[PDB]
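Worksheet for the structure shown next.
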Amino acid sequence: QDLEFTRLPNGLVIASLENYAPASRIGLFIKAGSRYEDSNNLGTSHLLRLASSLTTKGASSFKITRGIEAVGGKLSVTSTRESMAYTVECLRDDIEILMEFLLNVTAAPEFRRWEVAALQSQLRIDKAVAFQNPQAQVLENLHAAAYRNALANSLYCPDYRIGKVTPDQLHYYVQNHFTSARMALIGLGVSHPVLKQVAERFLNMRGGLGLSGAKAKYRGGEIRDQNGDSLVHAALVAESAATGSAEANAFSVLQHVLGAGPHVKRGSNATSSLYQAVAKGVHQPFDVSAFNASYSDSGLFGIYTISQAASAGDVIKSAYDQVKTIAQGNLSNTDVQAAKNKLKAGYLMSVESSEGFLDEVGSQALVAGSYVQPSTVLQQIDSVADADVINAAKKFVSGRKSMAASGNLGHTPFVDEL
Amino acid sequence: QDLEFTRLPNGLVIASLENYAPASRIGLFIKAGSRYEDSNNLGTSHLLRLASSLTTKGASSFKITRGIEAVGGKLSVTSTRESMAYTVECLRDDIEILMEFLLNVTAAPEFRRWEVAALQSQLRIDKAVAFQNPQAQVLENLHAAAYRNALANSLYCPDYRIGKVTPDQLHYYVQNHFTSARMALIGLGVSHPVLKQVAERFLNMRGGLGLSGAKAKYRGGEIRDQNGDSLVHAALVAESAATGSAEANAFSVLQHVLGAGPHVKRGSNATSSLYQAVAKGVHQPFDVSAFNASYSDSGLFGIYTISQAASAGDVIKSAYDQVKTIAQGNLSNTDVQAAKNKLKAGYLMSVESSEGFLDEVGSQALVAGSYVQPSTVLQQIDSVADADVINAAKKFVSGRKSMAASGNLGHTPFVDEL
Amino acid sequence: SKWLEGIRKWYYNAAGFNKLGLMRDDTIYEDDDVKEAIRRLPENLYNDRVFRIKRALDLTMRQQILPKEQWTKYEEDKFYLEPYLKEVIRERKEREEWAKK
Amino acid sequence: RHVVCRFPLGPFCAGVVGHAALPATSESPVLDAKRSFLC
Amino acid sequence: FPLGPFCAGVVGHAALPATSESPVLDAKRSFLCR
């Protein structure tokens with residue numbers, strides 16, 4: 001069939017597509033995350049992400065876990081500074097039980113003191129696992145330096161708050177951010193009336209348009225971590241655009257022109273301009289990619305470089321010089337067209353999977369309150385002009401820079417020097 | 001007797017004052033510290049300070065400890081970013097033994113692998129104890145933000161390097177930075193010829209300036225800890241004049257004019273301009289002071305504020321406004337005279353004690369070679385004009401500023417806002 | 001109800017946990033369910049229970065009873081542990097039912 | 001396309017495996033790709 | 001030069017590690033509270 005998009009009177013978007021697939025996936029997308037947090041309640045989002053299996057009014061933790069395993073389904077919470085998504089996946093027959101569990105988790109959380117106290121340890125383990133890849137620490141520090149407020153808040157609980165997150169804070173977060181107007185219920189493999197019935201049964205009680213955080217302000221600062229790792233991971237970013245704007249599409253096209261993540265395994269990223277520009281100057285192992293992060297109120301664009309400690313400055317400066325090259329107008333139409341093709345293929349491949357389609361539909365519903373078919377997004381992508389890409393490069397070059405680097409910072413440059 | 005200053009051909013400076021007192025204090029001042037650490041060997045100075053009792057070529061750890069305890073003496077290492085001081089204190093009769101031990105420690109370290117491995121744990125204990133007071137971490141981050149180079153290096157070992165400091169690194173640091181040209185042997189209660197004899201005996205080797213650190217370069221950055229402490233500690237500083245310069249004396253007079261430290265216990269700090277300027281605005285508990293730190297290459301001057309988390313911005317803005325008022329020319333001659341009196345009395349009281357006099361003699365010998373009598377320092381203080389203080393305040397207000405803040409930091413202003 | 005309450009009050013006074021200052025839940029046998037219920041108690045209640053038990057043990061050590069004015073009254077005896085114990089027993093029963101089938 | 005997953009250079013794809021409670025987090029293009037070919 | 005350097009000394013005998021920072025306030029905080 002086709003996706004059915006409905007906005008209920010309370011403000012809750014329910015979207016259902018019947019793919020007639022053996023597995024049904026239903027996800028509730030809530031406009032709550034690290035961004036919607038203040039200094040006092042930092043880290044609440046992380047514990048909320050880890051608190052899916054805790055006891056709820058409808059069902060006990062034992063019931064939730066045991067039943068979800070018994071049907072073989074999976075409950076997962078995927079968190080983004082601006083959004084938090086609860087997704088339940090199971091066979092088409094058993095979807096209703098997992099839907100009951102999911103709505104109990106989201107709408108009727110009973111954060112009993114002992115259970116919440118038990119989960120406090122899991123925050124440290126999860127942060128340790130996530131930070132094993134240095135780029136997570138690099139990105140968290142990058143967001144901290146770029147923004148004074150809102151988006152600066154990390155996706156992981158601050159260390160000083162690891163054991164001090166209180167059940168009352170979780171209740172306050174749920175009540176003031178888990179609201180109907182901030183929620184979208186997207187289901188693949190389920191009928192629209194069933195989804196409407198479930199949403200009416202559970203989510204109706206909470207009032208919409210809850211507490212709204214302050215608009216992100218651009219700090220434009222540098223955070224440097226000396227950890228002694230042989231490879232220096234550094235990111236130089238500037239405020240680019242908010243998601244859904246034409247400038248955002250221009251910035252995505254620029255990201256692909258400079259070079260997004262690699263395509264050929266063990267490849268040289270030959271088409272990528274940044275990789276070739278850095279390779280011409282640096283003959284040691286290196287890694288350079290274009291960083292584009294688009295958020296509702298703001299966006300960051302820049303270069304992410306992994307390099308040996310001695311040669312980190314050379315890599316950073318070479319990538320910045322290539323971006324300057326693009327800004328000065330040395331951009332070929334063929335390269336722009338190739339970037340557009342790569343962007344369109346990337347969007348299609350992202351929506352290829354059930355998880356990708358569910359996430360995309362939920363993100364569109366939350367950000368824009370409507371669903372755009374892939375064809376329209378491709379038309380938007382090809383609407384971008386080369387002059388717009390050059391102007392986005394100019395905006396990056398001229399704009400104030402925020403940098404985060406981790407490793408043997410050593411010869412790594414400072415933002416002022418850049 | 002009077003202080004005797006001799007610069008030996010090897011470059012070592014020997015000074016002695018025979019106070020004819022029951023106790024004798026001998027101190028070797030070396031121009032080594034965190035400033036001279038590179039990124040690779042960060043934290044070596046901390047372990048070197050801790051590793052003053054490890055086995056040396058002349059004596060074992062057992063012998064050094066047991067003997068110094070047996071004579072009732074003390075061996076102390078005091079480290080600043082630009083200096084390290086080894087001092088031995090005992091009764092005048094037993095000074096020779098402790099002098100032999102001190103010279104063995106300074107010039108003949110063994111840095112045996114097992115003992116160095118044993119002492120690495122003490123790095124974490126010392127760092128934790130020092131960081132119990134927030135001022136320590138606040139100042140370390142302030143120095144890190146202000147300078148991109150040697151002076152940014154912390155006096156306490158970075159955590160990632162706690163167990164990574166190697167005996168080879170300690171040997172390298174001692175060999176290249178513990179050199180005769182960089183050393184001064186200052187003795188109180190010890191005749192000059194005896195000190196010269198011992199210096200010939202042990203400090204003949206390792207002559208020369210040694211490795212030279214790079215000039216410190218101002219970074220003008222901000223570091224915000226967000227430790228969740230009830231009281232926010234914030235320091236706002238700008239570059240200042242190096243030690244032993246006229247602008248440095250003007251900055252000291254300015255520090256006393258704005259307000260440095262309480263003179264009356266449990267008092268309102270009436271003379272302190274900053275304290276009352278902040279007090280009128282803020283009725284909650286607060287503290288404010290002027291931060292003047294002068295180093296050979298450069299110095300930092302600014303405001304240190306301890307305040308409630310909610311009221312941090314008000315305190316910081318009020319102190320900055322008072323400094324701006326002084327810069328604008330609203331400085332009375334009487335205030336300058338009072339500040340000069342306070343500074344001169346502070347210098348005299350600091351040199352009153354044996355430890356203070358030894359520290360002052362060593363600092364002068366290392367920084368400027370010769371020893372200046374207290375009268376000359378007081379005359380330098382008197383020479384400073386009111387226009388000089390106003391110009392120093394203007395330099396602080398105009399110059400690029402670096403900020404380090406610790407606490408809740410929800411309402412703590414960023415450097416740009418200030 | 002009044003007759004049952006009178007007999008219950010007679011039993012309460014006949015038992016001596018009131019004389020030692022203890023409340024009824026203070027005297028429960030510490031089985032695993034009771035241990036978990038105690039673990040779940042709020043800090044204030046746990047500390048109050050600990051001190052009451054310690055005082056009772058000290059009184060029994062000297063074979064003494066608390067002054068009659070300080071005896072716990074039947075009306076004012078509060079069953080602090082009963083809700084937590086009920087929740088614990090409910091969870092155990094649910095687990096056993098799941099194990100059965 | 002209104003999500004950080006739209007930027008596929010790797011949105012920090014830092015999720016942890018789990019069953020009946022698996023938490024995942026994403027940030028944005030993270031690089032770390034194709035540097036693994038050389039140590 | 002430092003009014004309130006708050007040099008973070010470590011209690012010791014025969015081995016006393018002392019590290020000195022510059023004037024760092026805290027002198028009058030105890031007057032009000034902590």
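By order of appearance in the structure tokens: chains A, B, ..., then residues from 1 within every chain, and ligands from 1 in the order shown.
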
Cα-based RMSD, chain B fitted onto chain A, all atoms paired in sequence order: value?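 Pairing the C-alpha atoms in order and fitting gives 0.3 Å.
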
Could you give me, as number ranges by chain, the residues within 9 Å of residue 28 in chain D, counting only C-alpha atoms and dropping anything in the same chain fewer than 6 positions from it? A: 139, 291-294; D: 4-13

Contact residues around range 37-54 of chain C with only C-alpha atoms at 7 Å, ignoring same-chain residues under 6 positions, as a PDB file with N, CA and C atoms, in the first residue's frame:
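Writing the result to selection.pdb gives the following:
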```pdb
ATOM      1  N   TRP A 114      14.698   1.756  43.914  1.00  0.00           N
ATOM      2  CA  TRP A 114      15.698   0.693  43.878  1.00  0.00           C
ATOM      3  C   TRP A 114      16.085   0.336  42.448  1.00  0.00           C
TER       4      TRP A 114
ATOM      5  N   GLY C  21       9.573  -0.834  72.566  1.00  0.00           N
ATOM      6  CA  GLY C  21       9.592   0.239  71.597  1.00  0.00           C
ATOM      7  C   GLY C  21       9.523  -0.209  70.156  1.00  0.00           C
ATOM      8  N   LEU C  22       9.501  -1.513  69.904  1.00  0.00           N
ATOM      9  CA  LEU C  22       9.475  -2.031  68.547  1.00  0.00           C
ATOM     10  C   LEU C  22       8.075  -1.937  67.955  1.00  0.00           C
ATOM     11  N   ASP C  26       9.034  -4.508  62.756  1.00  0.00           N
ATOM     12  CA  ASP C  26      10.378  -4.684  63.292  1.00  0.00           C
ATOM     13  C   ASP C  26      10.622  -6.120  63.727  1.00  0.00           C
ATOM     14  N   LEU C  81       6.848  -1.854  56.541  1.00  0.00           N
ATOM     15  CA  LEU C  81       7.404  -2.853  55.640  1.00  0.00           C
ATOM     16  C   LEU C  81       6.347  -3.584  54.821  1.00  0.00           C
ATOM     17  N   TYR C  84       6.143  -2.896  50.864  1.00  0.00           N
ATOM     18  CA  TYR C  84       7.315  -3.401  50.161  1.00  0.00           C
ATOM     19  C   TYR C  84       7.343  -4.922  50.165  1.00  0.00           C
ATOM     20  N   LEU C  85       7.007  -5.539  51.299  1.00  0.00           N
ATOM     21  CA  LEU C  85       6.971  -6.994  51.355  1.00  0.00           C
ATOM     22  C   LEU C  85       5.901  -7.550  50.428  1.00  0.00           C
ATOM     23  N   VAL C  88       7.266  -7.406  46.943  1.00  0.00           N
ATOM     24  CA  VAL C  88       8.282  -8.437  46.751  1.00  0.00           C
ATOM     25  C   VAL C  88       7.633  -9.802  46.566  1.00  0.00           C
TER      26      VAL C  88
END
```

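Close contacts of residue 69 in chain C, defined as residues with an atom at most 12 Å away when counting only C-alpha atoms, with chain neighbours fewer than 2 positions off set aside, comprise residues 18, 19, 20, 21, 65, 66, 67, 71, 72 and 73 of chain C.
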
What's the 12 Å shell around residue 28 in chain E, counting only C-alpha atoms, without same-chain residues fewer than 6 positions away, as a VMD selection string? (chain B and resid 259 to 269 272 275 285 to 289 305 to 307) or (chain E and resid 4 34)

Just N, CA and C atoms for this one: save the residues we selected as a PDB file, in the first residue's frame.
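File written: again_6.pdb
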```pdb
ATOM      1  N   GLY B 259      41.799  44.624  45.272  1.00  0.00           N
ATOM      2  CA  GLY B 259      41.553  43.816  46.447  1.00  0.00           C
ATOM      3  C   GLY B 259      42.165  42.443  46.297  1.00  0.00           C
ATOM      4  N   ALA B 260      43.008  42.048  47.247  1.00  0.00           N
ATOM      5  CA  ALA B 260      43.729  40.795  47.082  1.00  0.00           C
ATOM      6  C   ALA B 260      43.286  39.753  48.098  1.00  0.00           C
ATOM      7  N   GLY B 261      43.429  40.067  49.379  1.00  0.00           N
ATOM      8  CA  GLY B 261      43.103  39.138  50.430  1.00  0.00           C
ATOM      9  C   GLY B 261      42.668  39.851  51.688  1.00  0.00           C
ATOM     10  N   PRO B 262      41.870  39.175  52.510  1.00  0.00           N
ATOM     11  CA  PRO B 262      41.419  39.782  53.765  1.00  0.00           C
ATOM     12  C   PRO B 262      42.584  40.063  54.698  1.00  0.00           C
ATOM     13  N   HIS B 263      42.540  41.228  55.332  1.00  0.00           N
ATOM     14  CA  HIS B 263      43.508  41.582  56.360  1.00  0.00           C
ATOM     15  C   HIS B 263      42.950  41.448  57.766  1.00  0.00           C
ATOM     16  N   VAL B 264      41.636  41.574  57.924  1.00  0.00           N
ATOM     17  CA  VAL B 264      40.963  41.418  59.208  1.00  0.00           C
ATOM     18  C   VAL B 264      40.104  40.165  59.128  1.00  0.00           C
ATOM     19  N   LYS B 265      40.315  39.235  60.057  1.00  0.00           N
ATOM     20  CA  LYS B 265      39.542  38.000  60.057  1.00  0.00           C
ATOM     21  C   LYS B 265      38.059  38.304  60.213  1.00  0.00           C
ATOM     22  N   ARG B 266      37.241  37.600  59.434  1.00  0.00           N
ATOM     23  CA  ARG B 266      35.795  37.794  59.432  1.00  0.00           C
ATOM     24  C   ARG B 266      35.447  39.272  59.272  1.00  0.00           C
ATOM     25  N   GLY B 267      36.013  39.887  58.229  1.00  0.00           N
ATOM     26  CA  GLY B 267      35.790  41.289  57.956  1.00  0.00           C
ATOM     27  C   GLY B 267      35.148  41.471  56.594  1.00  0.00           C
ATOM     28  N   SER B 268      34.717  42.704  56.335  1.00  0.00           N
ATOM     29  CA  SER B 268      33.984  43.024  55.120  1.00  0.00           C
ATOM     30  C   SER B 268      34.893  43.419  53.964  1.00  0.00           C
ATOM     31  N   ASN B 269      36.210  43.389  54.157  1.00  0.00           N
ATOM     32  CA  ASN B 269      37.156  43.769  53.110  1.00  0.00           C
ATOM     33  C   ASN B 269      36.845  45.169  52.586  1.00  0.00           C
ATOM     34  N   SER B 272      39.054  46.614  49.890  1.00  0.00           N
ATOM     35  CA  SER B 272      38.931  45.940  48.605  1.00  0.00           C
ATOM     36  C   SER B 272      37.800  46.554  47.793  1.00  0.00           C
ATOM     37  N   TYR B 275      35.491  43.712  46.191  1.00  0.00           N
ATOM     38  CA  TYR B 275      34.635  42.987  47.118  1.00  0.00           C
ATOM     39  C   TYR B 275      33.359  43.760  47.411  1.00  0.00           C
ATOM     40  N   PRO B 285      26.300  34.731  49.795  1.00  0.00           N
ATOM     41  CA  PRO B 285      27.727  34.499  50.050  1.00  0.00           C
ATOM     42  C   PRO B 285      28.510  34.545  48.747  1.00  0.00           C
ATOM     43  N   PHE B 286      29.658  35.215  48.784  1.00  0.00           N
ATOM     44  CA  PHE B 286      30.478  35.380  47.594  1.00  0.00           C
ATOM     45  C   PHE B 286      31.902  35.689  48.025  1.00  0.00           C
ATOM     46  N   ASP B 287      32.823  35.564  47.071  1.00  0.00           N
ATOM     47  CA  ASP B 287      34.204  35.964  47.282  1.00  0.00           C
ATOM     48  C   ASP B 287      34.798  36.390  45.950  1.00  0.00           C
ATOM     49  N   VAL B 288      35.656  37.407  45.995  1.00  0.00           N
ATOM     50  CA  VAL B 288      36.273  37.953  44.793  1.00  0.00           C
ATOM     51  C   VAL B 288      37.672  38.436  45.146  1.00  0.00           C
ATOM     52  N   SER B 289      38.599  38.259  44.207  1.00  0.00           N
ATOM     53  CA  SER B 289      39.989  38.636  44.409  1.00  0.00           C
ATOM     54  C   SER B 289      40.640  38.886  43.059  1.00  0.00           C
ATOM     55  N   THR B 305      36.689  34.598  41.209  1.00  0.00           N
ATOM     56  CA  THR B 305      35.424  34.771  41.910  1.00  0.00           C
ATOM     57  C   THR B 305      34.885  33.424  42.367  1.00  0.00           C
ATOM     58  N   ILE B 306      34.558  33.324  43.651  1.00  0.00           N
ATOM     59  CA  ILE B 306      33.822  32.191  44.197  1.00  0.00           C
ATOM     60  C   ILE B 306      32.416  32.681  44.511  1.00  0.00           C
ATOM     61  N   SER B 307      31.413  32.051  43.910  1.00  0.00           N
ATOM     62  CA  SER B 307      30.053  32.553  44.031  1.00  0.00           C
ATOM     63  C   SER B 307      29.068  31.401  43.969  1.00  0.00           C
TER      64      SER B 307
ATOM     65  N   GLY E   4      46.858  35.076  47.603  1.00  0.00           N
ATOM     66  CA  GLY E   4      46.156  33.916  48.089  1.00  0.00           C
ATOM     67  C   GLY E   4      46.550  32.667  47.330  1.00  0.00           C
ATOM     68  N   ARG E  34      30.928  27.693  53.839  1.00  0.00           N
ATOM     69  CA  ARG E  34      31.761  26.861  52.968  1.00  0.00           C
ATOM     70  C   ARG E  34      32.582  27.685  51.976  1.00  0.00           C
TER      71      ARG E  34
END
```

Long-range neighbours of residue 18 in chain E as a list in words, 9 Å cut-off, only C-alpha atoms, 4 positions minimum in chain: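 The contact residues come out as residues 49, 76, 77, 78, 79 and 80 of chain B; 7, 8, 9, 10 and 11 of chain E.
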
Can you list every residue in chain E that DSSP puts in strand (DSSP E), as an MDAnalysis selection string? chainID E and resid 8:9 16:19

Show me which bits of chain E are within 6 Å of chain B, counting only C-alpha atoms, as a PyMOL selection string. chain E and resi 3+8+13-20+22-25+29+31-32

Taking the chain letters and numbering used in this document, name the residues of range 131-292 of chain B that DSSP puts in helix (DSSP H, G or I), as a VMD selection string. chain B and resid 134 to 146 150 to 152 159 to 161 167 to 177 180 to 182 192 to 203 246 to 258 273 to 281

Counting only C-alpha atoms, which of A:417, A:115, A:352, A:382 gets nearest to chain C?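 Looking at the shortest contact to chain C, the residue is A:115.
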
What is the distance, in Å and to one decimal place, between CA of residue 251 in chain A and CA of residue 34 in chain A?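 So the two atoms, CA of residue 251 in chain A and CA of residue 34 in chain A, lie 24.1 Å apart.
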
Could you work out how far CA of residue 102 in chain B lies from CA of residue 368 in chain B, giving the answer in Å with one decimal?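 It comes out at 24.1 Å.
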
Calculate how many Å separate CA of residue 172 in chain A from CA of residue 365 in chain A, rounding to one decimal.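 Rounded to one decimal, the two atoms are 24.4 Å apart.
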